[PDB]
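K.L.:
The structure that follows is given in the form of structure tokens.
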Amino acid sequence: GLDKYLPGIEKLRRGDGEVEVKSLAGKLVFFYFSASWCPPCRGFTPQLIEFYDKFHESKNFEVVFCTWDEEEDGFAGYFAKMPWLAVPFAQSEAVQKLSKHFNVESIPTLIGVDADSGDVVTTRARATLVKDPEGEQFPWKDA
């Protein structure tokens, strides 16, 4: 499923180490496009962390940080503040291609896909999450 979005990437960062992309089986996967330099990201990130801590297990999803930072030691200090996963900085090319695939023109953006089928579930989770903190309408399915 996730082969389409992250061609040939087999591992993702988690805290200080990594995890196999295989460990995402069965989950809804949210790609989070953000950067340390982005002003509206600052306010949205804590809202996403709150939702994630409350619901990642019970609503069975994962978040994968897809960085738009272009400085290496930017990224790392920035991802250290997040509880979820990240595309490794060295694989920024995959992130750029993913961003184009989903027509992400601005950040923050949050796109949810089904790990197993690859189907896109929601492209507007950044807007809907802020209006639905208790996830009553999760996963905010696209028309």
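K.L.:
When only residues in the stretch 1-49 that are touching a strand residue (DSSP E or B) at 6+ places or on another chain (Cβ under 8 Å), of a type in the set (A, V, I, L, M) and not in a loop (DSSP other than H, G, I, E, B) count, which is nearest to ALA90 (Cα to Cα)?
P.N.:
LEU12
K.L.:
To continue, here is another question. Among the numbered criteria (1) in contact with a helix residue (DSSP H, G or I) (Cβ under 7 Å, 6 or more places away or on another chain); (2) within 17 Å of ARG14 (Cβ to Cβ), which single criterion is violated by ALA90?
P.N.:
Among (1) in contact with a helix residue (DSSP H, G or I) (Cβ under 7 Å, 6 or more places away or on another chain); (2) within 17 Å of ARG14 (Cβ to Cβ), the lone unmet condition for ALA90 is (1).
K.L.:
Mind counting the residues in the stretch 51-83 that are of a type in the set (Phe, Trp, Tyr) and surrounded by fewer than 21 Cβ atoms within 10 Å (Cβ to Cβ)?
P.N.:
Residues in the stretch 51-83 being of a type in the set (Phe, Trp, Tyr) and surrounded by fewer than 21 Cβ atoms within 10 Å (Cβ to Cβ): 3 in total.
K.L.:
For residues in the stretch 19-38 being surrounded by 13 or more Cβ atoms within 10 Å (Cβ to Cβ) and free of Cβ contacts under 8 Å to residues at least 60 places away in the same chain, which is farthest from the chain's Cα centre (by Cα)?
P.N.:
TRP37
K.L.:
Hey, another quick one. Can we say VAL113 is free of Cβ contacts under 8 Å to residues at least 60 places away in the same chain, β-branched (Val, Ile, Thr) and under 16 Å from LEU24 (Cβ atoms)?
P.N.:
Against the criterion (free of Cβ contacts under 8 Å to residues at least 60 places away in the same chain, β-branched (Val, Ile, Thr) and under 16 Å from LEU24 (Cβ atoms)), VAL113 does not qualify.
K.L.:
Looking at the structure I just gave you, is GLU62 outside any helix (DSSP H, G or I) and of a type outside the set (A, V, I, L, M, F, W, C)?
P.N.:
So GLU62 passes the test.
K.L.:
To continue, here is another question. Select from the stretch 75-99 the residues that are in a helix (DSSP H, G or I) and in contact with a strand residue (DSSP E or B) (Cβ under 8 Å, 6 or more places away or on another chain) and write down the one among them that is farthest from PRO7 (Cα to Cα).
P.N.:
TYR78
K.L.:
So, one more: Restricting attention to the stretch 116-143, report how many residues are in contact with a strand residue (DSSP E or B) (Cβ under 9 Å, 6 or more places away or on another chain), touching a residue at least 60 places away in the same chain (Cβ under 8 Å) and within 18 Å of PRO40 (Cα to Cα).
P.N.:
Total meeting the criteria: 3.
K.L.:
Residues of the stretch 39-50 being among the polar types (S, T, N, Q) and exposed (fewer than 15 other Cβ atoms within 10 Å of the Cβ), which ones?
P.N.:
Answer for the stretch 39-50, where residues must be among the polar types (S, T, N, Q) and exposed (fewer than 15 other Cβ atoms within 10 Å of the Cβ): just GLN47.
Values in this text are rule-based calculations from the coordinates and carry no lab data. Using ideal geometry, Cβ is built from the backbone for each residue, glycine included, and neighbour counts are taken over all protein chains shown.
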